[PDB]
Amino acid sequence: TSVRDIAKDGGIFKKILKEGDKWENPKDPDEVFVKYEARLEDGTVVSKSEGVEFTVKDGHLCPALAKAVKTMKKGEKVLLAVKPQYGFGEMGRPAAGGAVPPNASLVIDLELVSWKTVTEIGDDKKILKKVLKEXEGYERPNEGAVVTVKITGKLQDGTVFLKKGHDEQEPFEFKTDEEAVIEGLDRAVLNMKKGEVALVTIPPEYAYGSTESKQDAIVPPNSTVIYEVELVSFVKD
């Protein structure tokens, strides 16, 4: 059976119990959906989830999960043998939700169910585009394309402040790279395929900046905003 020293440390050994599908593994920015059960060597269950999502680079539970999933395929099911270095280290963890002793090793059953691919856009990497529905095939708006999109703009709490281009509205078309839209939407759309539906997280300097925007609700100055965007079609320049 396959067993990887994924940290190249003996720090984490991943043992494949069920092979996953395809060739793709998730990457740091992606949002993965996993289930797991994490135990001490004596079988004590310290944490468990029948399904939780996280951004790979932000981690979940302890360094070993994010390290592990970046090596896993869709549907892969594994048992991780984890040293305290990649677990809870010298501090261990107090009980509440399995206390983990200082310097304890863990044993973790982990299944990668699925994930959403997130692209970092801009020189900055500060614009995140998370694909909710893949578009069709290859080819993307270029600078000067005229694009038709449906968009909804929300604050990070869930407040919808903008809706444009939906089927019950007039169609919304813009030309890219003309400042026809906030810079984060302009750059996102150059990175999308026809039919793609994406969630775009956009910091203030690439959205409404330091002045309030009076929309369905006021976007407070300095807000990061999330656009859900569907690229309906485009005609490249």
# chains A, B, ... in the order shown; residues from 1 in each chain; ligands from 1

call {"tool": "residues_around", "arguments": {"residues": "residue 56 in chain A", "least_positions_apart": "5", "cutoff": "8 Å", "atoms": "only C-alpha atoms", "output": "ChimeraX atom specification"}}
result
/A:26-32,66,69-70

call {"tool": "write_last_selection", "arguments": {"atoms": "C-alpha atoms", "output": "PDB file, in the first residue's frame"}}
result
ATOM      1  CA  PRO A  26      -5.661  21.257  -4.445  1.00  0.00           C
ATOM      2  CA  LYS A  27      -3.283  24.262  -4.004  1.00  0.00           C
ATOM      3  CA  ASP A  28      -2.687  26.800  -1.302  1.00  0.00           C
ATOM      4  CA  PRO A  29      -5.427  29.187  -2.202  1.00  0.00           C
ATOM      5  CA  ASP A  30      -8.146  26.591  -2.865  1.00  0.00           C
ATOM      6  CA  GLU A  31     -11.016  25.871  -0.637  1.00  0.00           C
ATOM      7  CA  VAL A  32     -11.119  22.157   0.132  1.00  0.00           C
ATOM      8  CA  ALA A  66      -3.220  21.293   4.678  1.00  0.00           C
ATOM      9  CA  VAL A  69      -4.587  17.612   1.042  1.00  0.00           C
ATOM     10  CA  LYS A  70      -2.147  19.351  -1.334  1.00  0.00           C
TER      11      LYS A  70
END

call {"tool": "closest_atom_pairs", "arguments": {"of": "range 102-148 of chain A", "to": "range 199-223 of chain A", "cutoff": "7 Å", "atoms": "only C-alpha atoms", "output": "tab-separated table"}}
result
residue	atom	partner	partner_atom	distance
A:126	CA	A:203	CA	6.9
A:127	CA	A:202	CA	5.1
A:128	CA	A:201	CA	5.1
A:129	CA	A:200	CA	4.4
A:130	CA	A:199	CA	4.9
A:131	CA	A:199	CA	6.3
A:132	CA	A:199	CA	6.8

call {"tool": "write_last_selection", "arguments": {"atoms": "N, CA, C and O atoms", "output": "short mmCIF file (atom, residue, chain, number, x, y, z; two decimals), in the first residue's frame"}}
result
data_model
loop_
_atom_site.label_atom_id
_atom_site.label_comp_id
_atom_site.auth_asym_id
_atom_site.auth_seq_id
_atom_site.Cartn_x
_atom_site.Cartn_y
_atom_site.Cartn_z
N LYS A 126 -3.81 40.08 -4.79
CA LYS A 126 -4.74 40.41 -3.73
C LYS A 126 -6.21 40.08 -4.17
O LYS A 126 -7.07 40.01 -3.39
N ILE A 127 -6.46 39.94 -5.45
CA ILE A 127 -7.80 39.59 -5.94
C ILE A 127 -7.88 38.06 -6.01
O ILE A 127 -7.02 37.43 -6.64
N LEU A 128 -8.87 37.46 -5.33
CA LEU A 128 -9.07 36.03 -5.32
C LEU A 128 -10.29 35.70 -6.16
O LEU A 128 -11.34 36.24 -5.88
N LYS A 129 -10.15 34.82 -7.14
CA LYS A 129 -11.29 34.37 -7.91
C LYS A 129 -11.48 32.88 -7.67
O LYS A 129 -10.59 32.06 -8.00
N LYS A 130 -12.60 32.55 -7.10
CA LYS A 130 -12.91 31.17 -6.69
C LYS A 130 -13.94 30.60 -7.65
O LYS A 130 -14.98 31.14 -7.73
N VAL A 131 -13.62 29.57 -8.38
CA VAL A 131 -14.51 29.09 -9.42
C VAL A 131 -15.62 28.24 -8.78
O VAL A 131 -15.34 27.27 -8.06
N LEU A 132 -16.86 28.65 -8.97
CA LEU A 132 -18.00 27.88 -8.49
C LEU A 132 -18.54 26.94 -9.57
O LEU A 132 -19.10 25.90 -9.28
#

call {"tool": "closest_residue", "arguments": {"among": "A:120, A:171, A:76, A:231", "to": "residue 133 in chain A", "atoms": "only C-alpha atoms"}}
result
A:231

call {"tool": "select_by_dssp", "arguments": {"residues": "range 95-219 of chain A", "states": "alpha helix (DSSP H)", "output": "PyMOL selection string"}}
result
chain A and resi 183-189

call {"tool": "write_last_selection", "arguments": {"atoms": "N, CA and C atoms", "output": "tab-separated table (two decimals), in the first residue's frame"}}
result
chain	number	residue	atom	x	y	z
A	183	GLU	N	-11.63	47.80	-10.77
A	183	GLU	CA	-10.49	47.10	-11.21
A	183	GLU	C	-10.53	45.61	-10.87
A	184	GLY	N	-10.98	45.22	-9.68
A	184	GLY	CA	-11.06	43.76	-9.39
A	184	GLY	C	-11.96	42.96	-10.31
A	185	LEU	N	-13.11	43.50	-10.69
A	185	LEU	CA	-13.98	42.82	-11.70
A	185	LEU	C	-13.34	42.87	-13.09
A	186	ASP	N	-12.72	43.96	-13.41
A	186	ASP	CA	-12.11	44.07	-14.75
A	186	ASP	C	-11.07	42.93	-14.90
A	187	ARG	N	-10.20	42.78	-13.90
A	187	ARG	CA	-9.15	41.73	-13.96
A	187	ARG	C	-9.66	40.32	-13.81
A	188	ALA	N	-10.61	40.12	-12.93
A	188	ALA	CA	-11.23	38.82	-12.85
A	188	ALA	C	-11.78	38.29	-14.17
A	189	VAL	N	-12.50	39.13	-14.88
A	189	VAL	CA	-13.23	38.69	-16.04
A	189	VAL	C	-12.22	38.30	-17.12

call {"tool": "atom_distance", "arguments": {"atom1": "CA of residue 134 in chain A", "atom2": "CA of residue 198 in chain A"}}
result
8.3 Å
